[PDB]
Amino acid sequence: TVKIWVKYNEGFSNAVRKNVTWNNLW
Amino acid sequence: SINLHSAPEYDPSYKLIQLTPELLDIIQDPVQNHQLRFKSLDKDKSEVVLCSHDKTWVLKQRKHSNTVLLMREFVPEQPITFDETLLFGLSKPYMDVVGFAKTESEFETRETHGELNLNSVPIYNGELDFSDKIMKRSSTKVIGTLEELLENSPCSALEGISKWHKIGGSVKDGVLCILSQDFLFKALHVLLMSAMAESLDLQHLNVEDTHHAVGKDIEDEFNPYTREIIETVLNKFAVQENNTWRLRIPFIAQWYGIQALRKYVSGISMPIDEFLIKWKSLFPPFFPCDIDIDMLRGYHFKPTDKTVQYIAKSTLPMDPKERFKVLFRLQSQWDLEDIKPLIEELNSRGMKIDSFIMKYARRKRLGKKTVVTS
Amino acid sequence: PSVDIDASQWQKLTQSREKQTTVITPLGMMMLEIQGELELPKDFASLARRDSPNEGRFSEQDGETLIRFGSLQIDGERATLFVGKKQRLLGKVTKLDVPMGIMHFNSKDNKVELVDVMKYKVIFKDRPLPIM
Amino acid sequence: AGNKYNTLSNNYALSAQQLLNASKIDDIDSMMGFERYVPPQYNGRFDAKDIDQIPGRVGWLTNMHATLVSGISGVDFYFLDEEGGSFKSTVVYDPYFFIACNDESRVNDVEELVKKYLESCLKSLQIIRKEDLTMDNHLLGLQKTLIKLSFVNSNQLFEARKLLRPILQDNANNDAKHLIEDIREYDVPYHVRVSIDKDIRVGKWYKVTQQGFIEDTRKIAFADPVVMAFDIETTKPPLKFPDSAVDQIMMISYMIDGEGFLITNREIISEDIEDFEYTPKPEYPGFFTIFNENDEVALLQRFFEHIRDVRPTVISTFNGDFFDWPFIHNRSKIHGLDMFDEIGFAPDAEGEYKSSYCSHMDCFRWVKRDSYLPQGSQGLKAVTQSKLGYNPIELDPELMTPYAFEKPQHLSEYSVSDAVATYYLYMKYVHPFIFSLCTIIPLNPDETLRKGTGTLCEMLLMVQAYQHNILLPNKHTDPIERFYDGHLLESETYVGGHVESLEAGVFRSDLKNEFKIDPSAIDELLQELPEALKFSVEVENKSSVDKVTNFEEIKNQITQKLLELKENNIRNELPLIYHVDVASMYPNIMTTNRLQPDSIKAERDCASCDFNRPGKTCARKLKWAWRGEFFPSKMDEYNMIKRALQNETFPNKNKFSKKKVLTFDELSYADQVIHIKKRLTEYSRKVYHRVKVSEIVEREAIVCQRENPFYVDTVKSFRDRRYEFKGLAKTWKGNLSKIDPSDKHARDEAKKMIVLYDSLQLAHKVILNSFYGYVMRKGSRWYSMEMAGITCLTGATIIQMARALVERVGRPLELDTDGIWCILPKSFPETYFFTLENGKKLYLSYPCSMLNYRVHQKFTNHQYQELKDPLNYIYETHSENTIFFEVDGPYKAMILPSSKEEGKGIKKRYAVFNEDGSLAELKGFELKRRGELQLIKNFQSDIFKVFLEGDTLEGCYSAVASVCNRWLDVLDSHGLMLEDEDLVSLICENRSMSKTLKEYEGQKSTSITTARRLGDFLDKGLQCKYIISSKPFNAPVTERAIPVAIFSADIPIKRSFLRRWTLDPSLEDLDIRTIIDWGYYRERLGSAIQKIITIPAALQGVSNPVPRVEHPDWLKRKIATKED
DNA sequence: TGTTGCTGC
DNA sequence: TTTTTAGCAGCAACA
Ligand code: SF4
């Protein structure tokens, strides 16, 4: 019931840009 | 304060797309016919683009390592009271929001040149009775009108019409087509002969009078120069606008030069003088134009410094080193304005031509000329 | 394949309603970014029922088990998010350099709908503290 | 008489082996497009003005190497060339050195002796003359007579040295043989010799002609070489380091000129990777074309093929000297590929990877030497963050080998990120910096990147000495032992830079400070004011007072502020936080005092000089502080220890000798002294209760002003060229903004040249500050331990003089060598502008110009002599001084920490903030470090920005104390809050092991314990992520270090290892919170709170803002005794 | 309490 | 085998 929390990431990371396919949307 | 709640199941249909200032201006425009459309050539392989009515962006998804929750405001169906915990700085609840989506990526838009998907579009060479031939072949793909083509093409309407006119697209007997180079220029030649034969204003041409002038003395069943053909030639070799066409005279001369190269001097390296004489003699009488083997070579290549020979850019390799190798092979030593249109195809990186030039082949100067060797 | 973005409803609502004043749009929207993973239970219907009535930390609304996971208190640009009994997050309301836009892909009818456009975000970049 | 025939055969065999290697290099160079160009014959008149008629070929020299030609010694020169893709050309030149004679009347008897003694290897001999600055009266044009010995190649030169060295050793220890004094210039590298003697320089353009290389100036911009940059991803075992004997290459990411590529090994990578874009900023594009290769050998063959196709003249890597190339080469050898015959790359004598045609630009060499980054910010990510100003992708090394199967797209995104980071790090920083250094230094790019900065100073001084026909000194050899008052010296040195920590606290531009101005300092400043303002116009701004329309207006404005501060000498007002620092301090002290190692003269050499008359002005006497460290033991006790060691027996160090045991006197003299020093450390500790005494002696030395000016001329000239480029830089800055905004309109050539002049500026800068160091470069030439002591004591005297004024008109906070941090009253006279008749404004900073005027009145060299007429040896005497303070600030805030010891500050540690609240400068501190405890990094990230809050110094410390208390609550609450994994990470401490293996069988500790515990549970570089456990109680912290990976392991495994590591067989609870030592983490954070905050406020006398972290008992006693 | 080592500023 | 310098903080051991 009190088992909700955030596992802190030490630093902000932004991942690599990826191409998008039609299946990526659906 | 606002109480934040979360549902057990998120809707994955909700996705985040970056909206640049220009996109915002586009978005707030009720005037547009088509506002925005996602387009792709196929479902599994090709890239997805975002198109407005006149511009195209390619989409790129960018994943991030954070938990991003979108909350929407909601009105709880039944009054709900929450206990107070040791929480400090809490105002009375006045509305309620629920995190309904958890997104891991954004869709960035980068401007790119829209191109037509010419997969199933056949090539028309001016064959008689072509309707029969479209069933001599098994083309399941149907394209009744050009709007349907544009709808299924990764480009905007204006880009589509511009590219379609640029590649000489037309429609014959209700079937969409692309004119061969030979028959298109032949139709141009006959049209110019008839236009100057009837002393028409070349700057104020309309479809009806020229179409009537071309097909006056030939049978309709064997007259391929239909009204649609006329619209294509005008939209290809002229500029419209009550909109009338005015000829792109230097452009026509350039096209004519390309035609001459492909028909007569594609196998031997003629001296430039004789080629200019024969080239000049091919025009319809009194056509106003001057010429330069300067653009003649911007079009072909020079085995020696005073001769010219045709080369088609389409036959050149896509591997950089190989294409440079074959370019050095055509002529050990090359000019400049001669080599620039020959190397345009290798790197869209927008560079100084000399850059990629040396990258493979190498430059070497002298008094005034700079040639390219190895 | 190809499909249009339907943005008529959001546009009409935007022109007929005033400019965005606070961090929440007139249609009631907010985003949220956390440098980390929000560790939540894998099941909810079973666990929403054992929560005692006084706490109401796991409520039921229209047949859906919603978890009351925190509270938000906005003091000017400063913002605080209380999570559970043991977490406190300090953050800020920042104006987006690039206005984000949420959309919606209706797979059923192959329709795309513009849901809304953001201009602000609430970010929490520091390690969570107890609620005190 | 029995071995004279076996030495000749080996030298012909070595010369044939070197010719066979030179042929292989010629074959490889030709494959890579570097055909050996030989210029056309030209019998015309040689003039470099008519270069365009001059024959052959013009090119920019990109790469040079020593070769052996059909063997004759030569240097191959590689010209990225203009126009061309490339071409090499060869200069042949005879290797040479000199013999010195003790008697110049009998040089011919030595000539006949050496002709007959060196007949087996000598090519030619010539008598020459050079200036020797150690010769008496050389300043009258007296030159030392020398025998030049010339050779066909460097091997024959080395045999002549082997034949002469025994004669020098006999002459020194015990006939024309006794006339041989020494050999000179015998140790110059052969390519460096050709580069100096022909004035050829990489980064410079030359025309290659039959007569030699002619430098070209019509071309200052570099050519664009083809630049490849690559990185490699390898398999590894869990918790270990990849082993090239067993581990495979998974992928190779690279960029070529801005195009990206990835090769993948499909035995390891589970899916085909498609072409993708990694553009971390719009100024760093990265389009990646993918080669999905079937196996590791196809991956290696594709990589070598693509190198041969694009013909890169630069390959860049990050640490590839020690990981990437060693791995590729060992994998290639396992597959039977020879990487030298494939692409020309081989390991050298240092184990670094090199080729002939292509320079290997390891970015990590520049990061270690030149980037100015502290060692905690020298890993690729922290370099990318600090230089390119983005975050690259980051993957855990333990997830790489799993992600090759589970998520190979995310592994390929990481690998291309490190290629993009390496390529743009190279092109924005390493490329313009190294090729700019090559234009002046007689070295290739690889040596220019890898040699130490004091060796770069040695090469520049060798160019200048050669150009002035000076004879190079032999390399200084430290005496194996020295004595002082009959005591053996352990080490000797001088008193270096002066450093003081005067105050500790928070100082803010918005918080008030008390000032107690000395009225007599304001009376001195009022009396100096007219000449200090004149000095600012005439010397600082190089103008005349007659051109200044508002001189008396500015004088009266400063006079009013000074009079008000004299009358109201006790004030409590806002501060101005200033840094005042001496521009290039040691170089400017050196130029001002004419300090070189070419002048420091003894009383003897000064007495032998014909310029030494009654009335002599040219003998400038300067002080320095010598510092000995010696053994307390005397010469009788030393001799007793030596006699004791003569009765002992020692192991033979030479593994090729059959004799396993030596006596003391059969040891080398260096080994004898190592054994003496060992027994003297034990004896001194036993008899005197101390191992060392240290003593400081003030000494005096004579600096000749009449001595040949070549060292100081290099420094003056180099200083002026750097100033030149700073000026050009500014003119270019004006050009980059004056013009139109069409960025692509043939003005991107103008911006690269801006980077270029900046780079030549930074280059002269490093060279100058280095000369300043070089001069204490043990083993280098032109060494000058003295000179270094004068430079430091003069600097210490200047900065103490400046401090003693600043202490009378404001409050100095910290002093470090050349800089003073201070607060002045906000009412103090600050910045002004003199207006010239032409409407131009000159800049005045009164706090700076008042110091500069006093520096010029006290430290000017009125004895400087310069040689006006070189035919008549006429010297002019003038007044030289180039020592100026610069001012930086005003600043918003400065934070200084205090010691736990009574009355003691902490030097070289501070944080400083700009007016905008950005972090300007920091000192000491952690976080920026690799590993450490994550709790302390997160705490430091939060705390530094909060020092910009609050309107008073107490208010600032109270805002900072709020954040301290929040971070104490997390620990005092046992972090039961948050998520368990987050607690893990923060509590986590990370430490990397250098090389595991036997260094590790070796020492034992916490990481060593974590690495061993990972080995028990699951080679070089291992990341020991750990927590400290409460159990076993009273055990050392090194035995309580538990690897964090146990908390994510199966409950039976977690239980068995936690029981074994805590020594609790009954441990049933496995919560991370009951395992953690909260007391240890609370002490770690409390010690950060003490160092960064409690100290500052309590050291400045403000009450303690974080009472939950008490002061040390010395500081409590110091506060109580301050309030009594 | 002081010196001494080591790493790294 | 090639190699700038001294002054200082502070953890940890031992004289
Ligand atoms: S002080 Fe004068 S006389 Fe003495 S060594 Fe120097 S130059 Fe010669």
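Peer 1: Pulling in residues and values, what's your account of the overall build of chain C?
Peer 2: Looking only at helices and strands, chain C features two helices and 11 strands. Helices and strands in chain C line up, N terminus first, as β-α-β-β-β-α-β-β-β-β-β-β-β. Overall, the C-alpha framework of chain C stretches about 45 × 35 × 30 Å when taken along its three principal axes. Sequence separation of at least 24 residues holds for 54% of the intrachain contacts in chain C that already meet a minimum separation of 6.

Peer 1: Before we move on, can you summarise a negative patch on the surface with the specific residues and values?
Peer 2: Residue and element names in this part refer to chain B. On the surface, a cluster of negative charge is contributed by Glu127, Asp129, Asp173, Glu219, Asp220, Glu221, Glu228 and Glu231. Locating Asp129 in the fold gives a position in the loop between strand 7 (123–124) and helix 2 (130–136). By relative accessible area, which is 55% here, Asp129 ends up exposed.

Peer 1: Mind laying out the interface of chain C and chain B, listing which residues take part and the relevant values?
Peer 2: At the interface, 56 residues of chain C touch 57 residues of chain B. For the pair chain C and chain B, the summed buried area comes to about 5,300 Å², and 60% of that belongs to carbon and sulfur atoms. Seen at the junction of chain C and chain B, the total is one salt bridge. Note that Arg37 of chain B and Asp4 of chain C form a salt bridge whose closest N and O atoms lie 2.8 Å from each other. Taken together, the links from chain C to chain B amount to 25 residue pairs in polar contact. For the side of chain C that touches chain B, the leading source of residues is strand 6 (residues 64–75) of chain C, giving 10 residues. For the side of chain C that touches chain B, the per-class residue count stands at 30 nonpolar, 16 polar and 10 charged. Sheet topology note: the strand 5 (residues 56–74) of chain B/strand 2 (residues 29–30) of chain C ladder contains two bridges and is antiparallel. Its bridge partner being in strand 2 of chain C, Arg72 of chain B is matched across the sheet by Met29 of chain C.

Peer 1: Tell me about the interface of chain B and chain D, and please be specific about residues and values.
Peer 2: Listed by partner, the interface residues are 14 residues for chain B and 15 residues for chain D. When contributions to the side of chain B that touches chain D are tallied by element, the ones reaching two or more residues are strand 5, helix 13 (353–359) and strand 14 (363–365) of chain B. Considering every element that reaches the side of chain B that touches chain D, the biggest residue donor is strand 14 of chain B, with three residues.

Peer 1: Summarise the environment of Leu529 of chain D; cite the residues concerned and give the values.
Peer 2: Here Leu529 of chain D is to be found in helix 14 (residues 519–540). Filtering out sequence-adjacent residues up to four positions away, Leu529 of chain D remains in contact with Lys555, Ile558, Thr559, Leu562 and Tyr846 of chain D.

Peer 1: Could you give an account of the site of the ligand, with specific residues and numbers?
Peer 2: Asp605, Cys606, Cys609, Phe611, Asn612, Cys618, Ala619, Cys704 and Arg706 of chain D make up every residue found near the ligand. Looking at the shell around the ligand residue by residue, the class counts come to six nonpolar, one polar and two charged.

Peer 1: Explain the protein's contact with DNA strand E residue by residue, including any values.
Peer 2: All names here are of chain D. Around DNA strand E, the neighbouring residues are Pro374, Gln375, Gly376, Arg929 and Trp1114. Of all DNA strand E atoms lying within 4 Å of any protein atom, the proportion belonging to sugar or phosphate reaches 100%. Between DNA strand E and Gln375, the relevant distance is 3.2 Å, taken from a phosphate oxygen to a side-chain nitrogen or oxygen of the residue. For the surface near DNA strand E, the residue count by class is two nonpolar, two polar and one charged.

Peer 1: Which residues make up the protein's contact with DNA strand F, and what values do they have?
Peer 2: Residues and elements named next belong to chain D. Of all residues adjacent to DNA strand F, which total 26 residues, the nearest are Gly496, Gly497, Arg627, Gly773 and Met776. The sugar-phosphate backbone supplies 80% of the atoms of DNA strand F found within 4 Å of the protein. Here a sugar or linking oxygen of DNA strand F and a backbone polar atom of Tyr494 are 3.1 Å apart. Within the backbone of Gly496, one N or O atom sits 2.4 Å away from a sugar or linking oxygen of DNA strand F. Listed by contribution, the elements that provide at least two residues to the surface near DNA strand F are helix 13 (453–467), strand 20 (487–494) and helix 21 (748–774). When residues in the surface near DNA strand F are grouped by element, the largest group, three residues, is from helix 13. Each residue belonging to the surface near DNA strand F can be placed in one class, and the counts come to six nonpolar, 11 polar and nine charged.

Peer 1: Could you give me a rundown of the sheet that holds strand 9 (residues 175–179) of chain B, with the residues and numbers involved?
Peer 2: Residues and elements named next belong to chain B. Spatial strand order, 7-9-8: three strands in an open sheet with mixed pairing. Sheet topology places strand 7 and strand 8 (169–172) at the edges, where each strand pairs with a single neighbour. The pairing of strand 7 with strand 9 spans two bridges and is parallel. When the bridges of strand 9 are listed, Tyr124 appears paired with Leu179.

Peer 1: Which residues make up the pattern of salt bridges, and what are the values?
Peer 2: Residues and elements named next belong to chain D. Enumeration over the complete set of coordinates arrives at 90 salt bridges over all chains. Salt-bridge contacts for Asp972 lead to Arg1082; the nearest nitrogen and oxygen are separated by 2.7 Å. For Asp972, a relative accessible area of 38% gives the class partly exposed. Among the ionic pairs, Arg1108 bridges to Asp972, the shortest N-O distance being 2.7 Å. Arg1108 sits in the partly exposed class, given a relative accessible area of 32%. Via salt bridges that share partners, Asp321, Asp348, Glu352, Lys354, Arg365, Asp446 and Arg450 belong to a single interconnected network.

Peer 1: Explain the nonpolar core to me, using residue names and the numbers behind them.
Peer 2: Residues and elements named next belong to chain D. Counting 150 residues, the largest nonpolar core has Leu411, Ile558, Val809, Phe834 and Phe885 as its most contacted members. Element by element, the count of residues in this core is highest for helix 11 (residues 408–438), at 15 residues. Setting aside its immediate chain neighbours within four residues, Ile558 contacts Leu529, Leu533, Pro829, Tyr832, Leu844 and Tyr846.

Peer 1: Before we move on, could you go through the pairing of strand 1 (residues 2–6) of chain C and cite the residues and values that matter?
Peer 2: Judged from the three bridges that link them, strand 3 (residues 37–40) of chain B and strand 1 of chain C form a sheet pairing that is antiparallel. Residue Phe38 of chain B lies in a different strand from strand 1 of chain C, and its bridge partner there is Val3 of chain C. By the bridge criterion, two bridges tie strand 1 of chain C to strand 10 (residues 111–117) of chain C in an arrangement that is parallel. Pairing of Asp6 of chain C across the sheet is with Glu113 of chain C, part of strand 10 of chain C.

Peer 1: Pulling in residues and values, what's your account of the domain arrangement of chain B?
Peer 2: What the domain assignment reports for chain B is domain 1 (2–111), domain 2 (123–247) and domain 3 (312–374). Here the C-alpha centroids of domain 1 of chain B and domain 3 of chain B sit 48 Å apart.

Peer 1: Could you give an account of the sheet that holds strand 5 (residues 124–130) of chain D, with specific residues and numbers?
Peer 2: All names here are of chain D. Across the sheet, four strands lie side by side as 5-6-4-7; this open sheet has antiparallel pairing. Where the open sheet ends on each side, the last strands, each with one partner, are strand 5 and strand 7 (180–184). Across this sheet, the average inter-strand angle for adjacent strands is 30 degrees, counted without regard to direction. Bridge analysis of strand 4 (residues 96–101) against strand 6 (residues 144–150) gives five bridges, and the strand direction is antiparallel. Its bridge partner lying in strand 6, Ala100 is registered against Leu146. Relative to strand 7, helix 3 (residues 154–173) is tilted by about 145 degrees, and along the sheet it contacts strand 4, strand 6 and strand 7.

Peer 1: Can you tell me about the packing of helix 14 of chain D against helix 22 (residues 785–809) of chain D, naming the residues and giving the values?
Peer 2: Residue and element names in this part refer to chain D. Running from amino to carboxyl end, helix 14 crosses helix 22 at an angle of 115 degrees, the nearest separation of the two axes being 8 Å. The handedness of the crossing between helix 14 and helix 22 is left-handed. Facing helix 14, whose interface residues are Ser520, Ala521, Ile522, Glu524 and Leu525, helix 22 presents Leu805, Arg808 and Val809. Looking at side-chain class alone, the contact of helix 14 with helix 22 contains five nonpolar, one polar and two charged residues.

Procedures and definitions
- Residues numbered from 1 in each chain as written, not as in the entry; some residues may be left out.
- Chains lettered and ligands numbered in written order.
- Heavy atoms only, no water.
- Residues with missing side-chain atoms left out of burial classes, pairs and counts.
- Helix = DSSP H or I, 4+ residues; strand = E, 2+ residues; numbered from the N terminus.
- Contact = heavy atoms within 4.5 Å.
- Patch = residues over 30% accessible without salt bridge, like charges linked within 9 Å, V, L, I, M, F, W, Y side chains within 5 Å.
- Areas by Shrake-Rupley, 256 points an atom, 1.4 Å probe, with all protein chains shown as cover.
- Salt bridge = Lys/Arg side-chain N within 4 Å of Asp/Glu carboxyl O.
- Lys, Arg positive; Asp, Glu negative; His and termini not counted.
- Charge placed at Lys NZ, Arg CZ, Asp CG, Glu CD.
- Buried < 20%, exposed > 50% of the residue type's maximum accessible area, 1.4 Å probe, protein only.
- Buried area = accessible area lost by both parts, 1.4 Å probe.
- Polar contact = N/O pair within 3.5 Å; in protein donor to acceptor, adjacent residues only side chain to side chain.
- Nonpolar A, V, L, I, M, F, W, Y, C, P; charged D, E, K, R; others polar.
- Pairing = 2+ DSSP bridges.
- Near = heavy atom within 4 Å.
- Core = buried A, V, L, I, M, F, W, Y, C linked by side-chain atoms within 4.5 Å.
- Domains from an automatic or database assignment.
- Axes fitted to C-alpha atoms, helices over the stretch in contact; angles between N-to-C directions.
- Left-handed = near helix turned anticlockwise from the far one by under 90°.

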